[PDB]
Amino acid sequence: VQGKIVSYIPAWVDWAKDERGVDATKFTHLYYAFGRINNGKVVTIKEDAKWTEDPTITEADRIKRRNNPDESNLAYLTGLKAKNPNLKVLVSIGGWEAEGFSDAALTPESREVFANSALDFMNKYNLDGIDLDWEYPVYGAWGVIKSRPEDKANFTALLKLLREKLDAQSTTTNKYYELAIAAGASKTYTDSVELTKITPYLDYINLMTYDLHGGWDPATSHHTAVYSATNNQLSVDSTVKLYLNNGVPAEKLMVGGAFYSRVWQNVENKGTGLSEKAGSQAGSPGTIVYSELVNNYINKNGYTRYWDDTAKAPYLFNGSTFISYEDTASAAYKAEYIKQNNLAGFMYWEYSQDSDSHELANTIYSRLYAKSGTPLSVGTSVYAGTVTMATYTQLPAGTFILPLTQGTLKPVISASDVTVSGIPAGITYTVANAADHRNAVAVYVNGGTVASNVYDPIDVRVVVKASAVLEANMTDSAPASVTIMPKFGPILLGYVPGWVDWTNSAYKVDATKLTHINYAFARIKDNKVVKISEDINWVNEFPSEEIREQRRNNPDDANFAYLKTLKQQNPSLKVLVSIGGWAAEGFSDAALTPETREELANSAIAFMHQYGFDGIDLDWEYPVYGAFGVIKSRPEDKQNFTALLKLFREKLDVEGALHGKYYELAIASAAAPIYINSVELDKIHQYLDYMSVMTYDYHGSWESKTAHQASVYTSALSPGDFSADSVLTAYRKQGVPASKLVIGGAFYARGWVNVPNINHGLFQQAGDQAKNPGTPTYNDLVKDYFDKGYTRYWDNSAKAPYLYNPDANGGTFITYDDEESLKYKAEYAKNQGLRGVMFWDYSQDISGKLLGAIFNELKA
């Protein structure tokens, strides 16, 4: 990590007890806002008179202010060195309207008591440095604070001293300490401080290049723009130029940006509202934070979004309220300026004001640790990914929607900026910006009649061109995958295990809710597909003979007949054979040569015809890496798997053209990045009906830290971590159409014994893992857990349930899929244009609720 990122964080949130925590891997420094001065000395904000007594809400809030948890905050924040080692946490002193800088600084005497107490503060909370935010010396923000002309010098002296105290301490500790200032943007500020004396005492000067204009001005303008587009409009550029002219070296200047807007009301309804006269601001809230703009203002509630292309700043206007803000784009242009002009880094006030998802802080990081002159591509995610055929030929009016993940659409895109591949001919389509979204394309797909019958999903491909976007040197987007579904809708597929005698089980299979069954499994033996009772590895997994017998007399013939009655009873039901699965030997050998591939194909085709199947699922676990030596693997598996699949599909096309029927070919495929490496995902998919992605087994007893085994989304408390969302995005990134992906639900759990009672059990360091529960099924969970000690919590940013019991071996943490999570996996599949939903496995919920909740969302 090269240039710096400073993220001020407010003292007046509970960060320990916040739901989103802090992704401290996206900034370098973290200034804590603020400590204050009291009787000439640095202190916690909860000990500040003037801030504990704000009359805006003096009831429930003043209490919270006097008992403000800074101790907890500081401990939680420096604790984030866990996730980032490099991180620095400084204490920032002052802020807007913070009093007593002029008295504490005034005389050599009082400076001591302040600079001393400032170290006491730094030491006490184990902090990497001090930041003085005096606003402002000499002129006191024109009467907001106490001030006198002698500040000019005293500021200098105070700063010199602090540097002495912080180098003194360094020579014993071996840790260099940092000293910063936030510094005013105006010519007036530079005139009130001794810059060519001050610079050398400091590591960085935080230019506050915001609040450059606001409701105090008679006309609108940008408050935190990059460039000056008119003579009178201040900017990062004007301010940086002002500071270089006074000798301050580029290498120490941090450019500032803002996660909030400056607002004007009663603006003349002329032009765009930019540079228009403005009346009374007596009604005005003054600012609106970035999260609130996202939620209700940007392209919402009659507020049009605009861009000043010379200033490189966004603004909104509705005919009378104007709002000037920092967005994804303006941050891009500011990062670029830092790099263009060799500045120290990007500073921002402040972190809490970012969106739920941290859109700005993440944008800055991404832009600042891009390598220059090596263009970034436009990013896409999906919000609405499916339109569904009414009949075999009638397509209704529908609308796909794609938010940008990287880059920022012009407020009005032209057709040349988006190209749509794979709308079937006959059917007119339009592109545009999606209403009620800040930054998203809309392909409006008009009703129509398609030329021929639509039996299979159609992959629609959307390309977001560089000309669409506002940023500078950017390349076209990877062609994004959305889906026109056939009239029958998503598939819902159960893995049905062959080691249950379903003929005699009181618990039966629900062929009315499933579209698809995968009988698990067939196997490989001497390069032949055979029943599971022939595979010696399996039969002889355990020595004990009363198992081994059950294994040899596995009720395959029965179950195949049983499945035949399901098929007769429900004639659209498709039942397929899964060759392989965990510990299944034979695949690598079988894929080697054009002779060995031919053998297995023919033998698989013949197994399929003999016991009544509608297609094949291949379940190779796993190629090239062989699940880390469970399975003979080879580098050459990669291109072989792909010839195996190409072959199977050709044999199955032969079969189908002989039996007057369509045979399916499918694989199961893992989530791990090594799988995605080890397989030619871009190449194999054209041969498949879909991929049953195993969006589960993310974390187990093989780690000693708790985490979500099957989360539909990546929790906020574990950035980076596995989710269905992350994994299926990763799949599509490789080129796999959405309409050939299937999301996996798991009907069993995992867990860890010896989890400390912290945060309901969640993301904790684990203990000794002997007597770990292994994999209890939901059945097990119903009898022996749910009410029997344990308590069910829910992480809403992940949408994944979890159990903790303090009084059981540590206690224990359980991670699983349930009704609510399976619902969301199913919503995700409809929203994203996925082929369908899948699970493992039918025998693990005899109650039928997990299936019910997939079915109730996916189909009704």
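When you see a residue number, it is the position in the sequence shown, counting from 1.
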Mean temperature factor over C-alpha atoms, higher-scoring stretch between 628 to 636 and 401 to 409: 628 to 636
Given 540 to 548 and 739 to 747, the range whose Cα B-factors average higher in the PDB entry: 540 to 548
Highest-ranked of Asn126, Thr287, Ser221, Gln353 once sorted by CA temperature factor in the record: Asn126
Residue, from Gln281, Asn473, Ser238, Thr388, that the PDB entry assigns the highest Cα B-factor: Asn473
Record-listed C-alpha B factor of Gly774: chain third: highest
Lowest, middle or highest third - CA B-factor, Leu822: lowest
Among modelled residues of the same chain, the CA temperature factor third for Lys46: highest
Assigned third (lowest, middle, highest) for the C-alpha B factor of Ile854: lowest
Position of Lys81 among the chain's modelled residues by C-alpha B-factor, lowest, middle or highest third: highest
